[PDB]
$ cat protein_28.cif   # mmCIF, C-alpha atoms
data_my_file
#
loop_
_atom_site.label_atom_id
_atom_site.label_comp_id
_atom_site.auth_asym_id
_atom_site.auth_seq_id
_atom_site.Cartn_x
_atom_site.Cartn_y
_atom_site.Cartn_z
CA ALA A 1 0.00 0.00 0.00
CA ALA A 2 1.15 3.52 -0.84
CA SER A 3 1.59 5.96 2.00
CA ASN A 4 -0.18 9.31 2.21
CA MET A 5 0.89 12.35 0.20
CA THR A 6 1.43 15.76 1.78
CA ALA A 7 -0.46 18.90 0.76
CA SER A 8 2.67 20.21 -0.97
CA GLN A 9 3.06 17.01 -3.00
CA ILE A 10 -0.61 17.14 -4.06
CA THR A 11 -0.58 20.77 -5.20
CA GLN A 12 2.56 20.09 -7.24
CA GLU A 13 1.01 17.08 -8.98
CA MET A 14 -2.26 18.95 -9.64
CA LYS A 15 -0.26 21.10 -12.13
CA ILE A 16 -3.13 23.04 -13.79
CA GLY A 17 -6.89 22.52 -13.75
CA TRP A 18 -10.06 22.90 -15.86
CA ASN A 19 -13.60 23.64 -14.54
CA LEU A 20 -16.67 21.83 -15.98
CA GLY A 21 -18.60 25.09 -15.93
CA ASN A 22 -22.33 25.69 -16.48
CA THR A 23 -23.00 21.94 -16.09
CA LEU A 24 -23.63 20.27 -12.68
CA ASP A 25 -23.73 23.86 -11.28
CA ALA A 26 -26.71 24.87 -13.45
CA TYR A 27 -30.00 25.59 -11.69
CA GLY A 28 -33.27 27.46 -11.94
CA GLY A 29 -35.05 26.04 -14.97
CA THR A 30 -38.10 23.86 -15.27
CA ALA A 31 -35.72 20.89 -15.58
CA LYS A 32 -35.80 18.37 -12.74
CA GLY A 33 -33.54 15.51 -11.75
CA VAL A 34 -30.36 14.78 -13.67
CA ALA A 35 -31.72 16.95 -16.52
CA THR A 36 -30.48 20.09 -14.72
CA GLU A 37 -27.08 19.21 -16.24
CA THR A 38 -28.17 20.34 -19.74
CA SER A 39 -30.43 23.21 -18.63
CA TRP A 40 -27.90 25.99 -19.44
CA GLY A 41 -27.31 24.71 -22.97
CA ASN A 42 -24.35 22.35 -22.57
CA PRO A 43 -24.39 18.72 -23.74
CA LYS A 44 -24.41 15.80 -21.34
CA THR A 45 -20.80 15.30 -20.20
CA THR A 46 -18.93 12.28 -21.57
CA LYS A 47 -15.59 10.65 -20.76
CA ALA A 48 -14.41 11.56 -24.29
CA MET A 49 -14.67 15.24 -23.29
CA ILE A 50 -12.54 14.68 -20.17
CA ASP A 51 -10.08 12.60 -22.22
CA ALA A 52 -9.58 15.68 -24.44
CA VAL A 53 -8.98 17.93 -21.41
CA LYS A 54 -6.24 15.55 -20.20
CA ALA A 55 -4.71 15.28 -23.69
CA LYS A 56 -4.25 19.07 -23.86
CA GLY A 57 -2.19 19.02 -20.66
CA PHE A 58 -4.51 19.54 -17.69
CA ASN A 59 -4.19 17.23 -14.68
CA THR A 60 -7.05 18.52 -12.45
CA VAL A 61 -10.80 18.85 -13.08
CA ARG A 62 -13.04 20.94 -10.81
CA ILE A 63 -16.70 19.82 -10.90
CA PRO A 64 -18.81 22.75 -9.61
CA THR A 65 -22.00 21.13 -8.28
CA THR A 66 -25.23 22.82 -7.15
CA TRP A 67 -27.04 20.47 -4.77
CA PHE A 68 -30.16 22.25 -3.46
CA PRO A 69 -32.48 21.30 -6.41
CA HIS A 70 -31.69 17.61 -5.65
CA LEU A 71 -32.61 17.60 -1.93
CA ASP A 72 -35.84 16.40 -0.30
CA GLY A 73 -37.40 18.15 2.70
CA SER A 74 -35.04 16.32 5.09
CA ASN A 75 -31.94 17.25 3.03
CA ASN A 76 -31.46 13.72 1.67
CA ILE A 77 -29.63 13.87 -1.69
CA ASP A 78 -31.49 12.19 -4.58
CA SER A 79 -29.75 8.89 -5.31
CA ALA A 80 -29.81 9.30 -9.11
CA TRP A 81 -28.14 12.72 -8.73
CA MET A 82 -25.39 11.34 -6.46
CA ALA A 83 -24.80 8.53 -8.98
CA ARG A 84 -24.43 11.02 -11.84
CA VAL A 85 -21.98 13.20 -9.87
CA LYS A 86 -19.96 10.05 -9.13
CA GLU A 87 -20.06 9.01 -12.81
CA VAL A 88 -18.50 12.35 -13.81
CA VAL A 89 -15.92 12.18 -11.00
CA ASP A 90 -14.90 8.74 -12.32
CA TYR A 91 -14.33 10.07 -15.87
CA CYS A 92 -11.54 12.18 -14.30
CA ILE A 93 -10.17 9.88 -11.56
CA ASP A 94 -9.98 6.99 -14.06
CA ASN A 95 -7.71 9.25 -16.20
CA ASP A 96 -5.35 9.55 -13.17
CA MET A 97 -6.39 13.19 -12.69
CA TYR A 98 -7.13 15.16 -9.52
CA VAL A 99 -10.75 16.25 -8.88
CA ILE A 100 -12.19 19.12 -6.81
CA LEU A 101 -15.85 18.59 -5.74
CA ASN A 102 -17.72 21.43 -3.97
CA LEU A 103 -21.08 22.99 -3.08
CA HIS A 104 -21.63 25.73 -5.68
CA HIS A 105 -24.65 28.03 -6.36
CA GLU A 106 -26.46 27.19 -3.10
CA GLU A 107 -29.38 29.59 -2.50
CA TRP A 108 -29.12 28.76 1.24
CA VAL A 109 -25.45 29.97 1.26
CA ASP A 110 -25.36 32.98 -1.12
CA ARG A 111 -27.87 35.10 0.77
CA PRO A 112 -28.44 38.66 2.06
CA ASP A 113 -28.99 37.43 5.65
CA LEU A 114 -25.76 35.35 5.77
CA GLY A 115 -24.66 37.12 8.97
CA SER A 116 -27.72 35.91 10.91
CA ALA A 117 -28.16 32.48 9.28
CA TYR A 118 -25.60 30.18 11.00
CA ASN A 119 -28.06 28.20 13.16
CA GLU A 120 -30.37 27.60 10.18
CA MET A 121 -27.49 26.63 7.89
CA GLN A 122 -25.44 24.34 10.16
CA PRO A 123 -27.68 21.21 10.24
CA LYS A 124 -28.27 21.31 6.46
CA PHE A 125 -24.57 21.91 5.70
CA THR A 126 -23.46 19.02 7.92
CA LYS A 127 -26.10 16.57 6.64
CA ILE A 128 -25.06 17.28 3.03
CA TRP A 129 -21.32 16.92 3.68
CA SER A 130 -21.88 13.71 5.69
CA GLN A 131 -23.58 12.13 2.67
CA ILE A 132 -20.85 13.24 0.24
CA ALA A 133 -18.06 12.02 2.54
CA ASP A 134 -19.70 8.60 2.81
CA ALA A 135 -20.44 8.26 -0.91
CA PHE A 136 -16.75 8.90 -1.72
CA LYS A 137 -15.19 7.25 1.36
CA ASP A 138 -13.03 4.82 -0.65
CA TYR A 139 -11.58 7.44 -3.05
CA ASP A 140 -7.86 8.18 -2.58
CA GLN A 141 -6.19 11.60 -2.36
CA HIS A 142 -6.83 12.37 -6.05
CA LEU A 143 -10.26 13.54 -4.80
CA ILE A 144 -10.37 16.93 -3.01
CA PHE A 145 -13.40 18.36 -1.17
CA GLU A 146 -14.19 22.14 -1.17
CA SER A 147 -16.52 23.36 1.58
CA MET A 148 -18.26 26.22 -0.29
CA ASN A 149 -17.80 28.33 -3.45
CA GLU A 150 -18.31 32.12 -3.14
CA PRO A 151 -20.26 32.59 0.13
CA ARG A 152 -21.39 36.22 0.35
CA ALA A 153 -24.25 38.55 1.28
CA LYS A 154 -25.84 38.37 -2.17
CA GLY A 155 -27.77 41.46 -3.27
CA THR A 156 -26.38 43.82 -0.62
CA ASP A 157 -24.16 46.90 -1.01
CA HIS A 158 -21.26 44.70 0.20
CA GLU A 159 -21.77 41.55 -1.90
CA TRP A 160 -18.23 41.74 -3.34
CA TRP A 161 -16.37 44.07 -0.93
CA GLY A 162 -16.33 45.10 2.72
CA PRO A 163 -18.17 42.34 4.58
CA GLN A 164 -19.80 42.67 7.97
CA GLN A 165 -18.13 40.88 10.89
CA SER A 166 -21.23 38.69 11.28
CA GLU A 167 -20.70 37.34 7.73
CA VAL A 168 -16.99 36.69 8.30
CA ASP A 169 -18.00 34.79 11.46
CA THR A 170 -20.61 32.59 9.73
CA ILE A 171 -18.17 31.54 7.00
CA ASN A 172 -15.27 30.91 9.40
CA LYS A 173 -17.46 28.79 11.71
CA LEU A 174 -18.86 26.66 8.87
CA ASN A 175 -15.34 26.06 7.51
CA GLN A 176 -14.27 24.78 10.94
CA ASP A 177 -17.40 22.57 11.12
CA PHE A 178 -16.52 21.10 7.69
CA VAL A 179 -12.92 20.17 8.49
CA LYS A 180 -13.93 18.65 11.85
CA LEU A 181 -16.70 16.62 10.18
CA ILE A 182 -14.48 15.19 7.43
CA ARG A 183 -11.76 14.18 9.92
CA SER A 184 -14.39 12.44 12.11
CA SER A 185 -15.39 10.14 9.23
CA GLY A 186 -14.55 6.50 9.80
CA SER A 187 -12.60 6.39 6.52
CA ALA A 188 -8.83 6.83 6.58
CA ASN A 189 -9.04 8.30 3.07
CA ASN A 190 -11.23 11.10 4.44
CA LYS A 191 -8.88 11.62 7.42
CA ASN A 192 -5.95 12.18 4.99
CA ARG A 193 -7.88 14.05 2.24
CA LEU A 194 -6.79 17.50 1.04
CA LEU A 195 -9.59 20.01 1.75
CA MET A 196 -10.17 23.52 0.33
CA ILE A 197 -11.92 26.40 2.13
CA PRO A 198 -12.85 29.88 0.79
CA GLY A 199 -13.13 33.30 2.36
CA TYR A 200 -15.83 35.92 1.84
CA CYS A 201 -16.90 35.91 -1.86
CA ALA A 202 -13.77 33.82 -2.64
CA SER A 203 -12.02 37.20 -2.84
CA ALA A 204 -8.52 37.79 -4.21
CA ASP A 205 -8.33 41.09 -2.28
CA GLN A 206 -6.20 40.95 0.88
CA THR A 207 -8.72 43.00 2.89
CA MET A 208 -11.03 39.97 2.75
CA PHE A 209 -8.71 36.93 2.49
CA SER A 210 -6.67 38.13 5.50
CA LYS A 211 -9.80 37.63 7.67
CA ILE A 212 -9.98 33.86 6.96
CA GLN A 213 -9.54 31.71 10.10
CA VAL A 214 -7.15 28.91 9.10
CA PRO A 215 -8.12 25.63 10.83
CA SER A 216 -5.35 23.93 12.82
CA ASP A 217 -5.07 21.20 10.14
CA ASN A 218 -2.00 20.45 7.96
CA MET A 219 -4.11 19.10 5.04
CA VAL A 220 -6.14 22.25 4.27
CA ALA A 221 -5.67 24.76 1.43
CA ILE A 222 -7.19 28.22 0.99
CA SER A 223 -9.28 28.64 -2.17
CA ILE A 224 -9.33 31.96 -4.06
CA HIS A 225 -11.09 33.11 -7.24
CA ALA A 226 -8.82 35.49 -9.18
CA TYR A 227 -10.25 36.77 -12.48
CA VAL A 228 -7.85 39.68 -12.13
CA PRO A 229 -7.54 42.43 -13.15
CA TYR A 230 -11.34 42.59 -13.55
CA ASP A 231 -11.37 45.64 -15.85
CA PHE A 232 -9.31 43.60 -18.37
CA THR A 233 -10.63 40.06 -17.85
CA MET A 234 -14.39 40.64 -17.89
CA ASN A 235 -15.76 44.14 -17.20
CA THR A 236 -18.21 45.10 -19.98
CA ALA A 237 -18.37 48.70 -18.70
CA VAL A 238 -14.80 49.04 -20.04
CA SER A 239 -14.96 49.49 -23.82
CA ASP A 240 -11.42 48.49 -24.86
CA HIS A 241 -9.93 45.10 -23.91
CA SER A 242 -7.49 44.92 -26.84
CA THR A 243 -4.23 45.45 -24.90
CA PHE A 244 -2.68 43.95 -21.76
CA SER A 245 -1.15 47.31 -20.84
CA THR A 246 1.44 48.16 -18.18
CA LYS A 247 -1.23 49.28 -15.69
CA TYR A 248 -2.91 45.86 -15.93
CA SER A 249 0.45 44.09 -15.48
CA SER A 250 1.01 46.18 -12.33
CA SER A 251 -2.43 45.27 -10.96
CA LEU A 252 -1.94 41.54 -11.58
CA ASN A 253 1.49 41.52 -9.92
CA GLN A 254 0.15 43.37 -6.86
CA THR A 255 -2.65 40.82 -6.35
CA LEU A 256 -0.44 37.74 -6.75
CA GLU A 257 2.29 39.14 -4.47
CA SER A 258 -0.32 39.86 -1.77
CA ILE A 259 -1.24 36.15 -1.81
CA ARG A 260 2.42 35.18 -1.46
CA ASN A 261 2.82 37.61 1.46
CA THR A 262 -0.20 36.38 3.43
CA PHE A 263 -0.14 32.65 2.61
CA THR A 264 2.56 30.83 0.63
CA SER A 265 5.59 32.64 2.13
CA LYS A 266 4.21 31.46 5.51
CA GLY A 267 3.74 27.82 4.47
CA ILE A 268 -0.04 27.91 3.94
CA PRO A 269 -1.24 26.07 0.80
CA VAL A 270 -3.35 27.96 -1.77
CA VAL A 271 -5.39 26.79 -4.79
CA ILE A 272 -6.78 29.33 -7.30
CA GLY A 273 -9.95 27.36 -8.02
CA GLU A 274 -11.28 29.74 -10.69
CA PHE A 275 -9.48 32.20 -13.01
CA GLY A 276 -9.87 33.27 -16.62
CA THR A 277 -10.53 35.93 -19.26
CA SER A 278 -13.55 36.45 -21.54
CA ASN A 279 -13.18 36.30 -25.35
CA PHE A 280 -13.44 39.94 -26.50
CA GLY A 281 -11.67 39.20 -29.80
CA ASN A 282 -8.42 40.04 -27.94
CA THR A 283 -6.42 36.81 -28.18
CA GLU A 284 -2.91 38.34 -28.15
CA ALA A 285 -3.70 40.39 -25.02
CA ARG A 286 -5.11 37.31 -23.26
CA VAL A 287 -1.92 35.41 -24.17
CA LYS A 288 0.27 38.10 -22.57
CA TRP A 289 -1.95 38.03 -19.45
CA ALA A 290 -1.64 34.23 -19.28
CA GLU A 291 2.16 34.28 -19.65
CA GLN A 292 2.57 36.62 -16.67
CA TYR A 293 -0.10 34.86 -14.57
CA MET A 294 1.39 31.38 -15.03
CA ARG A 295 5.04 32.42 -14.70
CA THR A 296 4.26 34.05 -11.33
CA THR A 297 2.02 31.29 -9.91
CA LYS A 298 4.35 28.48 -11.06
CA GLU A 299 7.18 29.93 -8.96
CA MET A 300 4.78 30.36 -6.00
CA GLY A 301 3.63 26.73 -6.29
CA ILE A 302 -0.05 27.70 -6.68
CA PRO A 303 -2.12 25.48 -9.02
CA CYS A 304 -4.71 27.41 -11.07
CA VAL A 305 -8.03 26.05 -12.37
CA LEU A 306 -9.38 27.63 -15.57
CA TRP A 307 -13.09 28.46 -15.87
CA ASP A 308 -14.54 26.88 -19.06
CA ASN A 309 -18.29 27.35 -19.61
CA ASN A 310 -18.32 26.30 -23.31
CA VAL A 311 -19.55 29.79 -24.40
CA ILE A 312 -17.51 31.38 -27.20
CA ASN A 313 -20.04 34.08 -28.26
CA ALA A 314 -22.60 36.03 -26.18
CA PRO A 315 -23.57 39.49 -27.50
CA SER A 316 -25.83 40.31 -24.52
CA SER A 317 -23.24 39.08 -21.93
CA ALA A 318 -19.88 39.77 -23.56
CA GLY A 319 -18.01 39.22 -20.27
CA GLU A 320 -19.09 35.58 -19.94
CA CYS A 321 -17.43 34.06 -23.04
CA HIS A 322 -15.25 31.52 -21.21
CA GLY A 323 -15.27 28.66 -23.74
CA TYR A 324 -12.10 26.70 -24.57
CA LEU A 325 -13.13 23.09 -25.35
CA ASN A 326 -15.88 22.85 -27.98
CA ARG A 327 -17.64 19.97 -26.23
CA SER A 328 -19.91 19.08 -29.17
CA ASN A 329 -17.04 18.07 -31.49
CA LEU A 330 -13.98 17.67 -29.21
CA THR A 331 -12.00 20.53 -30.80
CA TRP A 332 -10.66 23.72 -29.15
CA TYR A 333 -12.24 27.08 -30.05
CA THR A 334 -9.88 28.87 -32.45
CA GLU A 335 -10.11 32.28 -30.76
CA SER A 336 -9.14 30.98 -27.30
CA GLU A 337 -6.83 28.02 -27.94
CA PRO A 338 -3.63 30.16 -27.97
CA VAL A 339 -4.41 31.21 -24.38
CA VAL A 340 -4.36 27.58 -23.17
CA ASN A 341 -1.27 26.86 -25.29
CA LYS A 342 0.64 29.64 -23.51
CA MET A 343 -0.30 28.19 -20.10
CA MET A 344 1.03 24.75 -21.09
CA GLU A 345 4.18 26.32 -22.57
CA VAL A 346 5.04 28.11 -19.31
CA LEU A 347 4.40 25.03 -17.17
CA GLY A 348 6.53 22.77 -19.40
#
$ encode --input "protein_28.cif" --output "structure tokens"
Amino acid sequence: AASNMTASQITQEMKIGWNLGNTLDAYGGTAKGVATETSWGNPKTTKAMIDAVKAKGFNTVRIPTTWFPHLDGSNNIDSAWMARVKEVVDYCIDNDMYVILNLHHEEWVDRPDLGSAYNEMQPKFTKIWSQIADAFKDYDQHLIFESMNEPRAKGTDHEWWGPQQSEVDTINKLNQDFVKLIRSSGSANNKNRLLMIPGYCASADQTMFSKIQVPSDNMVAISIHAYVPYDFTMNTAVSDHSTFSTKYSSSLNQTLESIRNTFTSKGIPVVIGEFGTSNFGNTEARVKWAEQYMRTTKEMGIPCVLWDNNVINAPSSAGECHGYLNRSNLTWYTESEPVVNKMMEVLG
């Protein structure tokens, strides 16, 4: 039997990741059951799609999963939904890849009353994680659990900046509950599993990530979303995205160095679980952004997980064109493939 890997060994082997976006995270339609998977316009996921992700050079898949539509009144997870999640996990694990499984667009997490909601949330949160930990109890350390996605006071004047202390407290307490629960599982795989925990809104700004309470656990990583700098990567209020100018290079460097200062220079593992740029017909600028981003994070030892929602064109939402793999025909979208190629070049 192989012995257990450390957090540092795991983050090194993860290398670079790919998110199965707008898929098991989709919600809100008239679709019920496993049919939620296709409700935002993507095809049913196949192993051939994951095979193509591995072939391009990725070694991690994040599977964002929205669970609340698949719960009964007692918070039991529908058995056909759990089986489908496991089927998709296996497409990746069977390819010798790492997998990150989370709770994603939960309407009982992303909520304006987050700062008062701990006692309502705690029993539901623990019952859900207990079921996931048991369903995957015999999976080795290639499988990583992530407590929550972007917990925040949704709809308020502080959804993305400047949280209340009550909201910081709710998130910190639930993260401690999660780590304690996983380590109390009877499975040795769960006792040794790498776990990821976010701060308020998964922020990449030090004012918020410096308020994260780090559990006293040597197999935990901090998760950050870093679509930075936002005015370049996605902001549709900014007209021109054609150039990765010096000011944007300065902004990116400042953000990444703040993560090194708070976390990695102090021995705390970090995973950037979502990053990316939208396709504004600005491929060369996105390539220059990717070269700097990957050169910096490679030296910091931070694995980065690209957001891929299979959308290459969206005239009414031009900031959400995050497609790289054309899932229908197993080719890579021509406008965005050079961005991935630069990432693999740097990491080689």
$ closest_residue --input "protein_28.cif" --among "A:216, A:164, A:8, A:23" --to "residue 39 (chain A)" --atoms "only C-alpha atoms"
A:23
$ residues_around --input "protein_28.cif" --residues "residue 146 (chain A)" --least-positions-apart "4" --cutoff "10 Å" --atoms "all atoms listed in the file" --output "PyMOL selection string"
chain A and resi 62+64+100-104+175+178-179+194-198+220-223+273
$ write_last_selection --input "protein_28.cif" --atoms "C-alpha atoms" --output "compact mmCIF listing (two decimals), keeping the file's coordinate frame"
# COMPACT_ATOMS: atom_id res chain seq x y z
CA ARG A 62 -13.04 20.94 -10.81
CA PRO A 64 -18.81 22.75 -9.61
CA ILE A 100 -12.19 19.12 -6.81
CA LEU A 101 -15.85 18.59 -5.74
CA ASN A 102 -17.72 21.43 -3.97
CA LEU A 103 -21.08 22.99 -3.08
CA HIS A 104 -21.63 25.73 -5.68
CA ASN A 175 -15.34 26.06 7.51
CA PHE A 178 -16.52 21.10 7.69
CA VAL A 179 -12.92 20.17 8.49
CA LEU A 194 -6.79 17.50 1.04
CA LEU A 195 -9.59 20.01 1.75
CA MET A 196 -10.17 23.52 0.33
CA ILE A 197 -11.92 26.40 2.13
CA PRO A 198 -12.85 29.88 0.79
CA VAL A 220 -6.14 22.25 4.27
CA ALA A 221 -5.67 24.76 1.43
CA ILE A 222 -7.19 28.22 0.99
CA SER A 223 -9.28 28.64 -2.17
CA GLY A 273 -9.95 27.36 -8.02
$ axis_aligned_box --input "protein_28.cif" --around "region 246-263 of chain A" --padding-each-side "8 Å" --output "AutoDock Vina command-line options"
--center_x 0.0 --center_y 41.0 --center_z -7.4 --size_x 21.7 --size_y 32.6 --size_z 37.6
$ resolve_selection --input "protein_28.cif" --expression "the PyMOL selection byres ((chain A and resi 278-289) around 7)" --output "PyMOL selection string"
chain A and resi 233-234+241-244+276-277+290-293+312+319-322+335-336+338-339+342
$ atom_distance --input "protein_28.cif" --atom1 "CA of residue 226 (chain A)" --atom2 "CA of residue 275 (chain A)"
5.1 Å
$ resolve_selection --input "protein_28.cif" --expression "the PyMOL selection byres ((chain A and resi 41) around 12)" --output "ChimeraX atom specification"
/A:21-24,26-27,29,31,35-40,42-45,309-311,327-328
$ residues_around --input "protein_28.cif" --residues "residue 258 (chain A)" --least-positions-apart "6" --cutoff "9 Å" --atoms "all atoms listed in the file" --output "ChimeraX atom specification"
/A:204-206
$ residues_around --input "protein_28.cif" --residues "residue 211 (chain A)" --least-positions-apart "4" --cutoff "9 Å" --atoms "all atoms listed in the file" --output "PDB file with C-alpha atoms, keeping the file's coordinate frame"
ATOM      1  CA  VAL A 168     -16.990  36.690   8.300  1.00  0.00           C
ATOM      2  CA  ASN A 172     -15.270  30.910   9.400  1.00  0.00           C
ATOM      3  CA  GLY A 199     -13.130  33.300   2.360  1.00  0.00           C
ATOM      4  CA  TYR A 200     -15.830  35.920   1.840  1.00  0.00           C
ATOM      5  CA  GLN A 206      -6.200  40.950   0.880  1.00  0.00           C
ATOM      6  CA  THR A 207      -8.720  43.000   2.890  1.00  0.00           C
TER       7      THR A 207
END
$ closest_residue --input "protein_28.cif" --among "A:2, A:121, A:132, A:20" --to "residue 92 (chain A)" --atoms "only C-alpha atoms"
A:20
$ build_atoms --input "protein_28.cif" --residues "region 138-153 of chain A" --atoms "N, CA, C and O atoms" --output "compact mmCIF listing (two decimals), in the coordinates of the input"
# COMPACT_ATOMS: atom_id res chain seq x y z
N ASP A 138 -14.13 5.67 -0.20
CA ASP A 138 -13.03 4.82 -0.65
C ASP A 138 -12.22 5.43 -1.79
O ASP A 138 -11.42 4.73 -2.41
N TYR A 139 -12.40 6.73 -2.06
CA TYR A 139 -11.58 7.44 -3.05
C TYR A 139 -10.29 7.92 -2.39
O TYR A 139 -10.30 8.39 -1.25
N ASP A 140 -9.17 7.79 -3.11
CA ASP A 140 -7.86 8.18 -2.58
C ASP A 140 -7.68 9.70 -2.67
O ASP A 140 -8.63 10.45 -2.90
N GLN A 141 -6.45 10.17 -2.47
CA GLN A 141 -6.19 11.60 -2.36
C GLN A 141 -6.24 12.34 -3.70
O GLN A 141 -6.01 13.55 -3.73
N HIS A 142 -6.52 11.65 -4.81
CA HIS A 142 -6.83 12.37 -6.05
C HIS A 142 -8.13 13.16 -5.94
O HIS A 142 -8.32 14.11 -6.70
N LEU A 143 -9.01 12.82 -5.00
CA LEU A 143 -10.26 13.54 -4.80
C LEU A 143 -10.13 14.53 -3.64
O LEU A 143 -9.74 14.14 -2.53
N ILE A 144 -10.50 15.78 -3.91
CA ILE A 144 -10.37 16.93 -3.01
C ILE A 144 -11.78 17.47 -2.77
O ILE A 144 -12.56 17.62 -3.72
N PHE A 145 -12.11 17.76 -1.51
CA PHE A 145 -13.40 18.36 -1.17
C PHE A 145 -13.23 19.87 -0.90
O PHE A 145 -12.29 20.26 -0.19
N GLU A 146 -14.17 20.69 -1.39
CA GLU A 146 -14.19 22.14 -1.17
C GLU A 146 -15.49 22.55 -0.48
O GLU A 146 -16.58 22.37 -1.04
N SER A 147 -15.37 23.19 0.69
CA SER A 147 -16.52 23.36 1.58
C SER A 147 -17.64 24.15 0.93
O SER A 147 -18.82 23.77 1.05
N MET A 148 -17.31 25.27 0.28
CA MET A 148 -18.26 26.22 -0.29
C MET A 148 -17.55 26.91 -1.45
O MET A 148 -16.34 26.78 -1.63
N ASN A 149 -18.32 27.69 -2.23
CA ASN A 149 -17.80 28.33 -3.45
C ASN A 149 -17.48 29.80 -3.22
O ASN A 149 -16.31 30.15 -3.01
N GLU A 150 -18.49 30.67 -3.26
CA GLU A 150 -18.31 32.12 -3.14
C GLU A 150 -19.29 32.67 -2.10
O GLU A 150 -20.08 33.58 -2.40
N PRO A 151 -19.27 32.15 -0.87
CA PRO A 151 -20.26 32.59 0.13
C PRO A 151 -20.18 34.09 0.36
O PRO A 151 -19.09 34.64 0.57
N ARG A 152 -21.34 34.76 0.33
CA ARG A 152 -21.39 36.22 0.35
C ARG A 152 -22.81 36.68 0.65
O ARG A 152 -23.76 35.91 0.53
N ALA A 153 -22.94 37.95 1.04
CA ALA A 153 -24.25 38.55 1.28
C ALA A 153 -24.82 39.05 -0.05
O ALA A 153 -24.77 40.24 -0.39
